[PDB]
Amino acid sequence: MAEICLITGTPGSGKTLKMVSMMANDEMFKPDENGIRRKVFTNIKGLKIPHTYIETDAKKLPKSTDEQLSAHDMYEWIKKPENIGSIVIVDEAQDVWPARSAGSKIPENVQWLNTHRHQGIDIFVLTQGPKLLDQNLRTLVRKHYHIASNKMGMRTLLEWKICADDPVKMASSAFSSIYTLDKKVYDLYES
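Here the sequence shown is numbered in the deposited numbering, starting from 1 and rising by one per residue.
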């Protein structure tokens with residue numbers, strides 16, 4: 001069933017290309033027995049794979065309309081039939097689900113996350129560091145990849161089964177693999 005996956009790493013570490021590489025290869029993105037792919041909502045620009053754009057800048061669009069979708073009232077439109085079982089990929093996710101004060105009221109656009117499996121929604125959130133995100137979103141993460149670089153830029157993909165709040169410091173509990181891409185990744189993406 002549906003899960004929430006976190007991808008972190010500094011700008012230019014290759015988070016978006018890894019994401020597109022996954023979309024190009026991973027089972028959840030393939031067409032079903034009827035030739036139908038799961039609907040993809042994303043804010044990633046230059047993505048060639050069919051998707052629906054979501055606005056993450058609340059000043060630009062704080063609410064959805066019958067014409068454009070805001071990430072900010074996802075709790076509303078995500079529950080509608082045409083959108084069940086969809087996949088949501090939010091780049092720079094701190095724009096939608098930032099860290100919040102301890103014991104403050106939990107917003108509607110966060111409250112629904114803990115029941116995201118009901119709507120069968122897979123969610124990927126990319127950001128530069130886990131602590132930019134709502135703890136209430138982080139608690140739900142069941143796969144965390146972090147791209148680490150050794151500064152002769154050898155990149156390692158670190159993987160945990162929960163959100164690692166301090167990824168480089170927690171690398172010893174990660175599964176480490178060489179950072180890898182689909183060689184056709186640019187057929188699907190332009191930055």
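Cβ coordinates follow ideal geometry from the N, Cα and C atoms, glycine included.
Worksheet item: Between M28 and the rest of its own chain, which residues show a CB-CB distance below 8 Å, the 5 nearest in sequence each way excluded?
Response: For the purposes of this step, residue 28 is taken as the residue at position 28 of the sequence shown. Here the set comprises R38, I87, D122.
Item to complete: Indicate the three-state DSSP secondary structure (helix, strand or coil) for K143 in the structure shown.
Response: Residue mapping note: residue 143 aligns to position 143 of the sequence shown, counting from 1. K143: strand per DSSP, three-state reduction.
Worksheet item: From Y53 to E159, what distance separates their C-alpha atoms?
Response: The sequence position of residue 53 within the sequence shown is 53, counting from 1. The sequence position of residue 159 within the sequence shown is 159, counting from 1. C-alpha separation (whole angstroms): 28 Å.
Worksheet item: If you check the beta carbons only, do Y186 and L47 fall under 8 Å apart?
Response: Counting from one through the sequence shown, the residue named residue 186 turns up at place 186. Counting from one through the sequence shown, the residue named residue 47 turns up at place 47. Cβ atoms of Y186 and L47: not closer than 8 Å.
Worksheet item: Is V110 helix, strand or coil when you go by DSSP?
Response: As a first step, residue 110 is located in the sequence shown; it is residue number 110 there, counting from the start. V110: helix per DSSP, three-state reduction.
Fill in: Whole beta strand (DSSP E) elements within the stretch 9 to 91, 3-residue minimum
Counting only runs that start and end inside the stretch 9 to 91, the beta strand (DSSP E) elements of at least 3 residues fall at 40 to 42, 52 to 55, 87 to 90.
Worksheet item: In the DSSP assignment, what residue or residues form a beta bridge with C5?
Response: Mapped onto the sequence shown, residue 5 falls at position 5. Residue pairing by DSSP places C5 opposite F124, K143 in a beta bridge.
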